[PDB]
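Report on the structure given below.
As a convention, Cβ positions derive from the backbone with ideal geometry for all residues, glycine included, and neighbour counts pool all protein chains shown. Please treat every number below as a calculation from the coordinates, not as lab data.
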Amino acid sequence: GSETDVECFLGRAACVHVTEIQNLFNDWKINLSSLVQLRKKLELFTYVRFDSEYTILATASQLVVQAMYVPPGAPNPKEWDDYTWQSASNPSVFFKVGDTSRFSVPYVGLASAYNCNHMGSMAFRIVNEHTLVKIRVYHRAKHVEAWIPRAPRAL
Amino acid sequence: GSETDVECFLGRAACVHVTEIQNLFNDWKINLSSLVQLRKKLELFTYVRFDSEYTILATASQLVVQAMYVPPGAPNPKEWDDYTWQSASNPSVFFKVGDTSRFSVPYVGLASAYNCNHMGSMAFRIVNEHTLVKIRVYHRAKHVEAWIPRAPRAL
Amino acid sequence: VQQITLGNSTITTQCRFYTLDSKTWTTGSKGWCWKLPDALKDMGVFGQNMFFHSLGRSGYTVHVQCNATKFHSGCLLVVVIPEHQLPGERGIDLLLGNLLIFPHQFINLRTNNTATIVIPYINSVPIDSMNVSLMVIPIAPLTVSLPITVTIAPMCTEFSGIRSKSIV
Amino acid sequence: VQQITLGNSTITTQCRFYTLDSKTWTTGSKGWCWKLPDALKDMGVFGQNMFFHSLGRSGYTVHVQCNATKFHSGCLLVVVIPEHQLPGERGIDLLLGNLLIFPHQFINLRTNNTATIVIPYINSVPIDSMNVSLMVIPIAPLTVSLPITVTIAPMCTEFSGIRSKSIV
Amino acid sequence: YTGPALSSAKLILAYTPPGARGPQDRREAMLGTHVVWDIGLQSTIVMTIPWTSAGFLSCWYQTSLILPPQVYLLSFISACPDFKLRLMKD
């Protein structure tokens, strides 16, 4: 009966966002409501507290990738020569195209749990100057706590 | 309240210098006053003592890189066939283009702290003989000690 | 026994009692819905404290009683939903099987005519600007209309210290 | 020391402080008169309790302070008369030798600039429907106008139990 | 207060908590949180704003300034030791 635990039921890696960059940039505001197979299981609880593990996979077709996390309440990049990319406050990871990176954002919220809520945003660029890269981000909820079971949505 | 500590406030990796080499060389005298987002936070203290961690990222566009550190009071390279590059006294790191190197210079000064001051210089070349490589150096201040808070600069 | 008195109020059933307007359960009515504390925004001294103080925190005890004879048929489902999604003291005159997951107490005229629900303060923050919604749904239709009375008792209520703080 | 704080209020001189409008003591002014609690009928929370409850009982502490320099001359007689005979928070802008029989405290600009009077509840019945009158009379004329501030602190105040009584 | 030593006035320093509307009369200000401050008696008045996470703060003339035969107030701000600072920015 370990598969009925909420870390087993909700805490598994699914593909939350898929984008494509060129050699310019793409920013995704983090919202786990975009994937209807994870939202259908998560919206049967009112409040939920969980840390996170993002595993980013980059694949090319016809190089370095700068996947930068942006904390809640901080501006997103608007171009591919912006100052947000060079900014020290916002974390970033530089990994080669074809393999995968992995990081782990802590529970970032204002209330003691998310109510299905500002998780932040991830911005993606390729650093080389003067090919189409497909980015797949897989999110895994960690140390989950749920608190009011709701009726499951039918429509 | 760990984010108000001076190792948390000043000790984070930012992009301090960005240059481009050809297959000839570039030398940068180390000055953290070049980045106005790190200088604005560091020039509210008179004196500051800190070791350093330099993480150099090299990316190509159309190979080995010799990023050599130069201790305070030692001559810089003037060409790409100089004798400073072969000199044993000055440290150097040889890493492939596309990934990153990492080293850690100790507190190099003459007084017991820097007053916002000879940190030295880094010289960059590509070793192959007979492509444009973009070099980004990220500096992180380590074991920081501050000592006289000043009024913050407005202009 | 059967005369719970709370403050300046007294009720007979089996911190004050606010009795909302009595609704008429006709055979074609779908039910009713009351968001809390919005159903008490105009309710005397509570409505004054709720408006005056910026933040607040309160629990509730809801007694729903349907005055009727021992000849009527049908059953109502009284359910309190925390954080319900898409009115005043007049309520909102209106899957369902799954609503039993929420705290509920079926009233069935055959057997019972009262339902009492003690609601604690449920929120993702310890204190908040003044959250839950009570619904009354007639499931089995009424066969012989019948009056429905809703009584809310806010209890264990605290409000913010600002506007009462001295600056010295 | 010199910062008496009472409730949500703080005053500097040598249950809350209600400071009436500052009057200007010109050289030709006869004085002023304030009936209590009539001077507080419009004074926030006290004015609300005073109107809401049919009967009440309260004591008062009146601080009269005249902000001025050490160059001015003249003296005011601040006297509280129980049951005075033939206005609101604005007072009544106006033998005398015998008024010293009533509790009084001459302010004399040469020496002093403050007067404090603790008034107990004085009536022929223990509780009453909401009685005393404070008067400020300039005796020696002012030689160089000067501001006069009146601060009333109602204390040891009780009100009737009716409208809060349960009938059970 | 920086005016001459013989000058005097009573100024009321009123605090309006977060969520409420600022006062438009001395009566509104005096009715809410406030400190009556005789300038002649005390040169300096130190307030301590309550816990917040912003409110309004105003000052009103209770009595006119008694100038001897314009003057200025200097205002200062700092944070008490209970003040936190949570997430870094650029």
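Checking C:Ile101, C:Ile127 one by one, the residue that is farther than 25 Å from C:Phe52 by Cβ and either in contact with a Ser or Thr (Cβ under 9 Å, 6 or more places away or on another chain) or of a type in the set (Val, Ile, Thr) (or both) is C:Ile101 and no other. Looking at region D:8-25, is at least one residue surrounded by fewer than 20 Cβ atoms within 10 Å (Cβ to Cβ) and closer than 19 Å to D:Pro103 by Cβ? Yes, because at least one residue in region D:8-25 is surrounded by fewer than 20 Cβ atoms within 10 Å (Cβ to Cβ) and closer than 19 Å to D:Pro103 by Cβ.
If the condition is being β-branched (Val, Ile, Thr) and either in contact with a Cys (Cβ under 7 Å, 6 or more places away or on another chain) or at positive phi (or both), then region C:99-114 contributes only C:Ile107. Among the residues that make up region E:18-36, is at least one of them surrounded by fewer than 18 Cβ atoms within 10 Å (Cβ to Cβ), out of contact with any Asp or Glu (no Cβ under 7 Å at 6 or more places or on another chain), of a type in the set (S, T, N, Q) and closer than 19 Å to D:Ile4 by Cβ? Scanning region E:18-36, I find no residue that is surrounded by fewer than 18 Cβ atoms within 10 Å (Cβ to Cβ), out of contact with any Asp or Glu (no Cβ under 7 Å at 6 or more places or on another chain), of a type in the set (S, T, N, Q) and closer than 19 Å to D:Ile4 by Cβ, so the answer is no. Across region A:103-124, which residue is nearest to the other protein chains (Cβ to nearest Cβ) among those that are within 30 Å of A:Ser61 (Cβ to Cβ) and not in a strand (DSSP E or B)? Filtering first and then ranking leaves A:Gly120.
One residue stands out in region D:1-19 among those that are among the aliphatic types (A, V, I, L, M) and touching a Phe, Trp or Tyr at 6+ places or on another chain (Cβ under 7 Å): the one that is nearest to the other protein chains (Cβ to nearest Cβ), namely D:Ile11. For region B:11-38, filtered to residues that are under 9 Å from the mean Cα position of the chain (by Cα) and among the aliphatic types (A, V, I, L, M), the residue that is farthest from the other protein chains (Cβ to nearest Cβ) is B:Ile30. Taking region C:40-83 as the range and being farther than 28 Å from A:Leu44 by Cα, more than 14 Å from chain E (Cβ to nearest Cβ) and surrounded by 19 or more Cβ atoms within 10 Å (Cβ to Cβ) as the test, the residues that pass are C:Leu40, C:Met43, C:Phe46, C:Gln65, C:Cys66, C:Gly74.
Kindly indicate the residue of region B:24-73 that is of a type in the set (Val, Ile, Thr) and buried (at least 19 other Cβ atoms within 10 Å of the Cβ) and also nearest to A:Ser92 (Cα to Cα) among those meeting that condition. It comes out as B:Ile56.
The residue that is nearest to C:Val125 (Cα to Cα), counting only those in region C:136-164 that are more than 14 Å from every other protein chain (Cβ to nearest Cβ) and either basic (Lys, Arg) or touching a helix residue (DSSP H, G or I) at 6+ places or on another chain (Cβ under 9 Å) (or both), is C:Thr157. Selection of region C:115-147 for residues being exposed (fewer than 15 other Cβ atoms within 10 Å of the Cβ), of a type outside the set (A, V, I, L, M) and assigned to a strand (DSSP E or B) yields C:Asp128, C:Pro147.
Out of everything in region E:1-21 that is closer than 21 Å to D:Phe17 by Cα and part of a loop (DSSP other than H, G, I, E, B), what residue ends up being nearest to the other protein chains (Cβ to nearest Cβ)? Checked region E:1-21; the qualifying residue nearest to the other protein chains (Cβ to nearest Cβ) is E:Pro17. The set of residues in region B:97-123 that are in contact with a strand residue (DSSP E or B) (Cβ under 6 Å, 6 or more places away or on another chain) and more than 15 Å from B:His139 (Cβ to Cβ) comprises B:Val97, B:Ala113, B:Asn115, B:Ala123. Per this entry, C:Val150 is counted among residues that are of a type in the set (A, V, I, L, M, F, W, C), part of a strand (DSSP E or B) and closer than 17 Å to C:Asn67 by Cα.
Being within 14 Å of chain B (Cβ to nearest Cβ) and among the charged types (D, E, K, R), is that true of even one residue in region A:71-80? Checked against the condition, which is being within 14 Å of chain B (Cβ to nearest Cβ) and among the charged types (D, E, K, R), region A:71-80 yields no hits at all. Output the number of residues of region A:125-155 satisfying the condition of being in a strand (DSSP E or B) and more than 14 Å from chain C (Cβ to nearest Cβ). The qualifying residues number 15. Look through region E:22-74, keep the residues that are in contact with a helix residue (DSSP H, G or I) (Cβ under 7 Å, 6 or more places away or on another chain) and in a loop (DSSP other than H, G, I, E, B), and return whichever of them is nearest to the other protein chains (Cβ to nearest Cβ). Result: E:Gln62. Checked against (1) within 14 Å of another protein chain (Cβ to nearest Cβ); (2) closer than 30 Å to D:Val45 by Cβ, C:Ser124 meets all criteria but (2). Checked against the criterion of being buried (at least 16 other Cβ atoms within 10 Å of the Cβ) and hydroxyl-bearing (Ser, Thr, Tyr), the candidates A:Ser104, A:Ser92 yield just one match: A:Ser92.
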